[PDB]
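Below, in structure tokens: the form deposited in one PDB entry, a single chain.
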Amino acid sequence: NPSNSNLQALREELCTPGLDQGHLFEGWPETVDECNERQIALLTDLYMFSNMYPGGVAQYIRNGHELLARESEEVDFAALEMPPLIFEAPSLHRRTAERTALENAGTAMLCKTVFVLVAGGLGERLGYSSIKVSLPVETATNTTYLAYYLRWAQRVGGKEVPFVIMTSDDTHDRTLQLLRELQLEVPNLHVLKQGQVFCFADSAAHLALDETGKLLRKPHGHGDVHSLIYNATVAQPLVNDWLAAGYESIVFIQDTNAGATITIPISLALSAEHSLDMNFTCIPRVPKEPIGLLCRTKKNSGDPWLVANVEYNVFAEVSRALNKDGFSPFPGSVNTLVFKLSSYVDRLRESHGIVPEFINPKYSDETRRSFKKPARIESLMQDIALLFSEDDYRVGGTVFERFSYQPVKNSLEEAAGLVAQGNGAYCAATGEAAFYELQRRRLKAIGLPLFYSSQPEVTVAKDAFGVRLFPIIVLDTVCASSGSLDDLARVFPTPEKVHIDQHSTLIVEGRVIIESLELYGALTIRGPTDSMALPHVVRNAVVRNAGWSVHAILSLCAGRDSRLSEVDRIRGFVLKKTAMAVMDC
């Protein structure tokens, strides 16, 4: 593509004061012609960066200088306080008139919602070699996070629901593989792959090389999602297609928080009720939490207030210097972002989806100033809130119960350490446990008589903590529709005649109505896969069998003829699916 002369001009340019990338061409011949294919390739790699980053590599270096100087300084705001527009959501396990109104209002709005899934990470930090959306939400059905989100979206928004997945070099191919393998048919899905950015070996922003001598690359952060969307087409801009088709909201979700399918309808309803352009999904936060705080900020004493997320580390540092006259006052943002689409698009078009950047290098020492590993510039998807002036827009937050926040983000060992400090585990074990409990709390809210012990049923991480799983009740999207309390009530029309023992397992797939049941064991009930077909009705059912059990993965663990996978090891237990009754037709 690019010319021999253009590559020469760029090389020369990069060697000028303020750029100083001479180290990249150490011992090269005078002109491009004389350069070998390998050298020609590196210059090409530098050159093509322009169609990936605003201003290309030259501006990247300049930005690096600015940010590196900036981050060497002390972060501080001239003003910081509670956001004006904070709204408390009613409990998810109480079927009050208010909860009902918000759920049904939000559910209608789901019909005009665009969904965006941010999925550019592996679960390595968890102990998981594959993509995080391939993690199961729970091992009873093994439904992946990916299918979980996609089927819900297609349920509430129909088959042609507009859906974006942002991937990366790490997750992209595998994401496409998973889509194919699960036979997911999503006509209006757009998979947008973020590009990695160059790295700085040092504080002078000298570009880093890898082991082969090629330019080193690292992720630019989830902030890329806005740029990717701004540049996506269907020759018509993606966002224009959405707008013209009548879509009115857009929501952004993380890769392993199943709670989003519960919070979203509520947030949508509240966004409409309080005319919110941007609505941060929040929870009350404990000061000892790697979660950001939603704050009304003012960077300089002359600026306007901005409503935006303030990262935990920053808020810590910020506080000690400028104190001016059991959770944090400010809400904790879980990064489920809800927008009025028209407002989002306006800001998008104005900024080209570019959001403020930062750099956060890891040093070898406090004093030696040397990097431990090459740094790169990053961006956060939530920082788009900075483009929404308080004069033109209403940016606020909705506060939910902490229980509705169920990320799978820590390894078993990390969770052990965390639990000891009295903090949340947020590992695969507690994620799975929380999902089962969530179903139970929702079901009880409509009158299902679920009596079960709160005692843990298995201990993980060398006996560090326990979780319980049973009773296990999982209804698919054809059965439970949107998951609203009203939708659940359709499955259980006369709840008081349904008696699910605390040790039982109930799996429901398809169009099923359960009127009366006594279950002591494991049961799967299957109905029509078509949401519009006549339902399989269960009445006067009695099922007794050995059902399922759970036990910890033993420390002894090693050995051939083994069936333990990473999925098992990252949660520290295994379901034994001993027996299972099936009711079809």
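Each residue number is its position in the shown sequence, starting from 1. Take the two forms, find the largest set of C-alpha atoms that superpose within 1.5 Å, and that set is the rigid core.
- Structural divergence in 7 other deposited structures of this protein between 362 to 370 and 74 to 82: following superposition by the core, 362 to 370 has C-alpha atoms lying farther from the shown form.
- Once the rigid core is used to overlay the structures in 7 other deposited structures of this protein, the stretch among 281 to 289 and 474 to 482 whose CA atoms lie farther from this form is 281 to 289.
- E185 is built in all of the other entries compared, counting only those with both neighbours built, so it is not a gap in a third.
- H220, modelled here, also has coordinates in every other compared entry of this protein that models residues flanking it, well short of the third needed to call it frequently missing.
- Coordinates are absent for 10 or more residues of the deposited sequence placed between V234 and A235.
- According to the entry, the deposited sequence has 4 to 9 residues without coordinates between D325 and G326.
- Note on 107 to 115 vs 382 to 390: mean CA B-factor is higher in 382 to 390.
- Averaged over their C-alpha atoms, the temperature factors of 35 to 43 and 53 to 61 are higher for 35 to 43.
- Listed residues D170, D463, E138, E160 were ranked by CA B-factor as deposited; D463 comes out on top.
- As recorded in the PDB entry, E317 shows the highest C-alpha B-factor of the residues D476, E317, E457, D486.
- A260: CA B factor lies in the lowest third for its chain, per the PDB record.
- Residue-level temperature factors show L7 in the highest third of its chain, judged at the C-alpha atom.
- For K577, the recorded CA temperature factor ranks within the middle third of the chain's modelled residues.
- Per the deposited record, the Cα B-factor of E66 falls in the lowest third when ranked against the other modelled residues of its chain.
- Remark: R560 belongs to the highest third of its chain, ranked by C-alpha B-factor as recorded.
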